[PDB]
Each structure stands twice: as structure tokens, then as C-alpha cells.
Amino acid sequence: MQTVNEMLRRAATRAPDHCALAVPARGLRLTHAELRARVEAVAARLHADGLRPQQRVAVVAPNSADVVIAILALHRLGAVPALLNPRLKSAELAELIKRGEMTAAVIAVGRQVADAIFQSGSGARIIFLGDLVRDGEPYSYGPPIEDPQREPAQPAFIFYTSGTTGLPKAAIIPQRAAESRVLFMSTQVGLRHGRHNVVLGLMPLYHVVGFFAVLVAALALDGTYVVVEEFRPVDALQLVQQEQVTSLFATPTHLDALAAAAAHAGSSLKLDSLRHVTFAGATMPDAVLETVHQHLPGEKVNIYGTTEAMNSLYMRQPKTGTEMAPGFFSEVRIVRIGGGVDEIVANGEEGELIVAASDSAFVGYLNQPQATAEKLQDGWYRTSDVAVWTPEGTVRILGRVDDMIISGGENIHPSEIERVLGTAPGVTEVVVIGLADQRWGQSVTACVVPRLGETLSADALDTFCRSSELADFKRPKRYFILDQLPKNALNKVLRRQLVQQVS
């Protein structure tokens, strides 16, 4: 195999004096050799402090040059980074770190989260990111350290994704998965090796796209990763021009915002260096696809994928957002919903898209054998995406098998929000749905029934969500206060019908 460490090590031997990390706002630039030196220094320090290979270490930080260094240093040592969304609140972060039996937690989020981890009794050593590396500069002691033995099936990285109930699942990415999780960017997207590559780091590092397909791929191809700490679409387009960005890979949400900024820049706008605009994370709305086609340059590529199996379908110069086909690495099937992996659907019958679990695939969810058995069956990964084969022989993605909402490319299950809002004073029933939204894809929407003879307020419900343990980004954008909810003859709420009722 070629591990992340190996890809980046080899890249640094080929292009030592070429810029690896650019942070234009902070005036920081690091060559491949400089980055390597810093990764080594941070690895040596962690090792001197006692950290061992195969130990799990949480990483909870927004995108920055410092977190890039920390993640790669953990991997260099042989520790398994468990990347966590820094927008999550203290109790959720502490409980995930506890259940993960992690050895340390590198955080940039800082004091209340740190206390939560301590009080949880996990025993994870809390490390402030700024105490490890600051503005690219490590605090190091200790000799150079050995290379850990990495084995193909062995845990390498952990990424989290939402289940239909409970806390997010910890997807274990094996060492062997790294190469294909990078190289689809060559085979599908058409990136090629070279120092010409200038990649805009829009996507979060704590998800597989922002990590493997953006950061690792940029450096592994001997190019430059441009760090973006906060998404501002006007500033982003200015970076494209300023850094001469050649490729950008983002959500339909990002691209709706970018294409709008592009249009608003007027008839003089030129973004000549940009050769690739790639999208993933959610269904690309047709309206967004039109603005992207009309206002941004480069080849447009739709990339369908999952945390668990990475890229499974794609489309170059798509005419619609729903239609894609398997590329290199990939084998796919559409099977009867609820049926076995061999129960392939007829002609144009709808079913669940399932994808072969090969090199790119996760090896299970940490400490969740039941959740794993539901998703990994007879060599296949079950996407929970509804799909159909077209007369053209392509795959049309139609929606979810489950009730998962996808907003800003983030999976949010309605139960997360229903659990919280169900305890808000005055609420007698709550059902949460996703409404079609050009910007967000699906907009989190609460349908709430007040106690008889009482009223409810969208402002008060929103306040309650914000003070709750629920991540702020997940809270409802809109509330519908209703006297009743549509129900079947078994008193279950007709969720899909309700979507049509309030849309």
C-alpha cells in the first residue's frame, strides 16, 4: 500500500522547496520540506510525552495550518486521529472521546470543552493545539522517532457520521484506504501529478472529503494546499485569483454561494487559473448546477460518495444533479429496499444503492458491531440512498431510505432535534423534516404541536435549541406551529406527506 505518511513523505522528496501550505491572510507559507520538518518536530514531542502508535487521539479544531500539522504528526507517530467537528458542544465531544477510549485530545475549542473531557472520567490527556504548534511553529523536544509499522487493514483515521439514533458513529478508515481516497481525484476528477496544482482548502478537514480528497491529494500530487479558516465567498474568489487556484472541491451549498458571488462581481470577473470545480456532500440542486455552469469556469464534476466508502459515482459536465455513473475503483448495485445484497431490482424499479466494500472502505464503526453489521453485508456497503437505473444505464440518486436530512453537506437525523424540542416547555409533539432549499439543500424544519390551549413561539423554541446540547448549526431554520400532525392508522407521523403539506 501507500499510506498517507508515505504519499506525503515521497512528495516532500520530490518537491522539497515547493510551497505545500499557503495561509495568505496570515502571510504564512511552508514548503513541503518545511512542513515535513514541523510534522517530525510535533511527532517527536508527542512521542517524548509518551504517546504510542495505534492509540486514538481526538482532534477538535477548525481548519488551520496548525491542525494540518497536528493531524499529520499524529499519523506520522502512528497514533490514530479521530477527527471531530469543532461546532459540536462540550457534552457530545466529551462523550464521544470517552466512548472512543482515546489516549489524548488535541483541541482548539478550548476551556469548557476541556473541563467536560476531564469531568467525563475518560482520562484522555487534554492538549491545546496552540501549545503543540502555533502559526506553523512547533514546541518540540526529544530525538527523531521511529516509523510505526502500518498494516493494510489497521486503523489509520476515524471520522464520524450520524446514525438514525444515538451519538454519531465512529467510522474506522484503514491504512490501505488512503491511496484510493486520494487517487479518484485523478481518475474521476482528472487531476494529475505536478507542482502546477493549487488546491483551495474550502472543505472541513474533519470530514473525509476535506481530508483525503482535498488536503492529502493536494500535497500527495506535489502541489499547494491553500488554507481557508472561514468561508467568505467574495474573499474565496479573490484567493482563486491571488493564489492562482487550479481546483476547488466543495458542497453544492458552497458553490451556490460562490456562483452568486461570481455573478455579483460583474462582467469583468476573470478566474482564469481555475480548471476544476468539483462538488459532493449532497444532491446538487439543478438551480445551483445552472448558476455554477453559468458563472464559474473549469470542468464541472459531480462526485457521489460516503464517509464509509468514499467515491462511488461521478459525472463530468453534468446536465442534472441526480444522474451519475461508477468510476475507477467502484462497483455498484441497486437492491430491493430491506432485501439482501443479491436482490437486484428490475428495469427502472427503485431500490437501495449498495457499493462494493473494497480497499477504500471503512472496516467498521468503533465499538458498534450491530451498526456495522447493518451497513457492511456480504462484501457490500449499504448507502441508505434511494436510486434507480436510467434507460441510459446511469444511476439516478432520488433521496434517502431513512429520514436523514442533509443540510450544508452535513447529515442530520431528525431524532437529534426531536429529542431536544420534545422537552421544550409547551411542546406536546414535534416532528422534524427537511425542506428543499437552494442554499442548504435541505433546510431543517420543525413541526410542533402546542399543549392544548397554549401557544408556542419560534423565537422561544430557537432559544431553547441554542442553549441545549444540540449543535447550533443543526437547529431548525423554520418552525410550523400546527394543531395536529398527519398520522397513519397506527398513530405514526406521515413524514414525507408532512413535507408536502408545509412546502
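In this text, residue numbers run from 1 along the sequence as written.
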> Which is higher in the entry, the mean Cα B factor of 230 to 238 or that of 183 to 191?
Replying inline: 230 to 238
> Which is higher in the entry, the mean Cα B factor of 118 to 126 or that of 344 to 352?
Replying inline: 344 to 352
>> Can you tell me which of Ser268, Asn197, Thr306, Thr283 has the maximum CA B-factor listed in the PDB entry?
In response: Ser268
> Whose C-alpha has the highest temperature factor in the PDB entry: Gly409, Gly163, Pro174, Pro204?
Replying inline: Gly163
>> Could you place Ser247 in the lowest, middle or highest third of its chain by Cα temperature factor, using the values in the record?
In response: middle
> Lowest, middle or highest third: where is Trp389 by Cα B-factor in its chain?
Replying inline: highest
> If you rank the chain by CA B-factor, which third does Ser457 end up in: lowest, middle or highest?
Replying inline: highest
> Taking the entry's C-alpha B-factors for this chain, is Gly327 in the lowest, middle or highest third?
Replying inline: lowest
>> Ranking the modelled residues of this chain by C-alpha B-factor as given in the entry, is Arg87 in the lowest, middle or highest third?
In response: middle
